[PDB]
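In structure tokens, one chain follows: the form deposited in one PDB entry.
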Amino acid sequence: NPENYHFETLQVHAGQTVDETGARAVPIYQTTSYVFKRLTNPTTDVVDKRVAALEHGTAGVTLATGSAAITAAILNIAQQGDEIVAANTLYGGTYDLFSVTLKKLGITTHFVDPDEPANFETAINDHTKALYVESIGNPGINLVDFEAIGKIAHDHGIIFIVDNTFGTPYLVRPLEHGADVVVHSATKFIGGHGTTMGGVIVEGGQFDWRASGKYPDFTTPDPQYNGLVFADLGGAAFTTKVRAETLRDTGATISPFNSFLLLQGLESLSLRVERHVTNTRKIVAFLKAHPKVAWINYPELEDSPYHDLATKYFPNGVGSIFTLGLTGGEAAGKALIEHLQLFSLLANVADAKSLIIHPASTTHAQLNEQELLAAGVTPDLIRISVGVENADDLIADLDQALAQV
């Protein structure tokens, strides 16, 4: 950011240049190949650089989905015999990736209670290659002490990876709080409209591969690449290795059309996030005062166990996804869904449309109470993802539905 632009200017402009035609919008390079006079796609290139700029990182790379970005970030530093230490409050898709697919390939993940950063240090051994957390947990809506976990990682010479999907770089930039790599499911807030899948890896460029000694593939001349040393790429070491290795081999590439649509959502990102957050604050204030609401999980509430972490790390708010339970338990939460007119029942989050789900009667309908709890779910649990509709319309819809339960 040589120009010292603010967030809103970067989300509209960063990474974008004007080609020979003068086209003011980024052209969609729906091409597979380039005539020899490029390894990367000129549309996706803008996404790489823009998301990196917004996270105050040094370089980025974009993939088909959040899952593919997380997969590539782990495979970039971990192989058979290596280990990861991860928060045990992970999104279900990431937990399945860690506990099934990657485990089958010789990578062991230890899951720890992230409420105490020392739980990470306990699980580190000579095989650990990264610590892994999410900025805002799902479905616990729990926060973590980025700086304390990053210090533990760095004292042991290993990198700290944060999935910032729920936060977006507008609410928190984990690279400035101890993380070395940030990943996103751009499918959520970055795209903004429930249309387009994508994933992004951003590196921060402040991790000394050579001082660490635990990443020899970064410090050793790779004859596959004419003796290139990835650590000599500085702030592009991690993402160039992804590009040159895991992405080259396994091909979870994003379509240029999808990149185009992510660029459009990036140009309005903070405007939408601000309204997501203000809508959520109003909705949470209404629900917390409602006599039929038994509990709410939103870390910005003064009595939340995560309130101090919210004050420290989330000065613009803690996003627009939260959970709650009604005094009528599982039956009331089921009945609430049925009477809502504006909230859509589905399993996704971070649409411009408000969404709601009662996992115990839908996505987790096969599980008993103990199995539900193992997945961080209770029979009364309801998750809400607040959209950018008019907040008074959303509150009236919740108000009338609560009157039915």
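Superpose the two forms; the largest set of C-alphas matching within 1.5 Å is the rigid core. Residue numbers here begin at 1 and follow the sequence given.
Only in words, not in the display: the form deposited in another entry, which the text now covers.
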{"item": "Conformational change between the shown form and the other one, one of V26, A360, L336, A53, C-alpha moving 2 Å or more after core fit", "value": "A360"}
{"item": "Threshold 2 Å Cα movement between the shown form and the other one for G376, core superposed", "value": "yes"}
{"item": "Sense of CA distance change between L336 and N368 in that other deposited form, threshold 3 Å", "value": "farther"}
{"item": "In that other deposited form, shift in Cα separation for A365 relative to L336, 3 Å or more", "value": "farther"}
